[PDB]
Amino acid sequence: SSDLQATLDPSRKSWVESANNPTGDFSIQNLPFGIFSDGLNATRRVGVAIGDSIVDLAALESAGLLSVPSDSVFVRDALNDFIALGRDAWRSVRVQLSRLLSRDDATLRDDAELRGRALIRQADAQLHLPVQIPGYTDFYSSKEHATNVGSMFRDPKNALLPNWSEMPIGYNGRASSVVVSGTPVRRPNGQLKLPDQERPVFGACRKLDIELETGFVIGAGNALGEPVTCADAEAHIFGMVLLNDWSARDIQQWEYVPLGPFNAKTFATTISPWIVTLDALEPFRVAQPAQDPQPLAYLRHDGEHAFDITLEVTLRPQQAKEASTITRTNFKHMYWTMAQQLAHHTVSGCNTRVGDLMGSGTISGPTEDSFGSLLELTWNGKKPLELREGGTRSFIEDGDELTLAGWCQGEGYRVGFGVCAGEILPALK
């Protein structure tokens, strides 16, 4: 408790000097979890990012500097087993690590041999999907996004459907196609409905888009038939990643009535590799937007349940040397919180499991430079985006690399998410 609070102290610094870079994502205050391997050891194992390096948790446990309840949960291809140990475990590990990485601590700092083994450069590492995802659910909880999208489908006056302000609507996504940052994404072929022709055609998607989102990861499940209350919801959440829900919008338009988006979504979803713990995000909790009408009782919660997470997306054409930023927004603008989303997810009795992934829905902000999709940013191509380094984009083109990035900004430091990147491959011919 008091130990947990010390790990959030902005004044703390690490003897890993790169960790003290004021704009770096991996401050000693962060300590996110991932799954890595390296050139010396291709076995996947649990790692914690610090500065430009990674702490090998299995190595620290073997040396006796790190203990979890008693096979090692740190020698695993996924974080599931360690997450399943519960929140007391996550915090114990976080406090031990924070102590050991602290500049005033000598236990690991001054052990050159163990430090030469237990700390690995990210430049030497392979980062893998951090969890084995039992289920992936995606919501739609940005009022600005639903307004922007709905305005094109109807008009500003009728942008929002009545159920949208009564529930955090969502759908099951495809867990199998969630891939880690860096995985190339192939432009899908599919059925396209052209405005001139009576019957659909088969061809390459012409409206390939991102969806800027976050995903939170379930740390404690719930039994089938047993809802999670809104007040209890956040205690079930382990942490967060960045999430790009790649969308083929022309494929979506033709297939989606009435059972929802399907092939247009499931060809690829990318997440960042580092799970930033919900505890690490506590210093950035802020007041969520005001809801009108007041939702039904089961969706209500007192206090603050939004999080101040700066988000950015860059797009780099294949021939470009530098990427151009195409949007900047914040997770704090979402109309429905994670607590409310999970509460609604389970209100009818659906169960959840450790490692489940819950996408926020496209995060769109107040200003025209803060929308979370090219569909919004270019208003369906009516005003193509002029790229800072050169070129124009309506939707994504072949060889474009799309990079999501995110951080919480504190006083003199950051708690950041790394990157969620993918580069588009030409459709199959």
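Residue numbers here begin at 1 and follow the sequence given.
The gap between residue 70 and residue 71 holds 4 to 9 unmodelled residues of the deposited sequence. As listed in the deposited structure, the average C-alpha B-factor of 146-154 and of 350-358 is greater for 146-154.
Set 232-240 against 285-293 and average the Cα temperature factors; 285-293 ends up higher.
Across 404, 40, 46, 49, the entry's maximum B-factor at the CA atom is seen for 40. Within the selection 35, 66, 374, 363, the deposited Cα B-factor values reach their highest point at 66. Among the modelled residues of the chain, residue 205 sits in the lowest third by CA temperature factor in this PDB entry.
Among all modelled residues in this chain, the alpha-carbon of residue 399 has a temperature factor (C-alpha) in the lowest third. Sorting the modelled residues of the chain by their CA temperature factor places residue 248 in the lowest third.
Among the modelled residues of the chain, residue 113 sits in the highest third by CA temperature factor in this PDB entry. Split the chain's modelled residues into thirds by C-alpha temperature factor. Residue 225 is in the lowest one.
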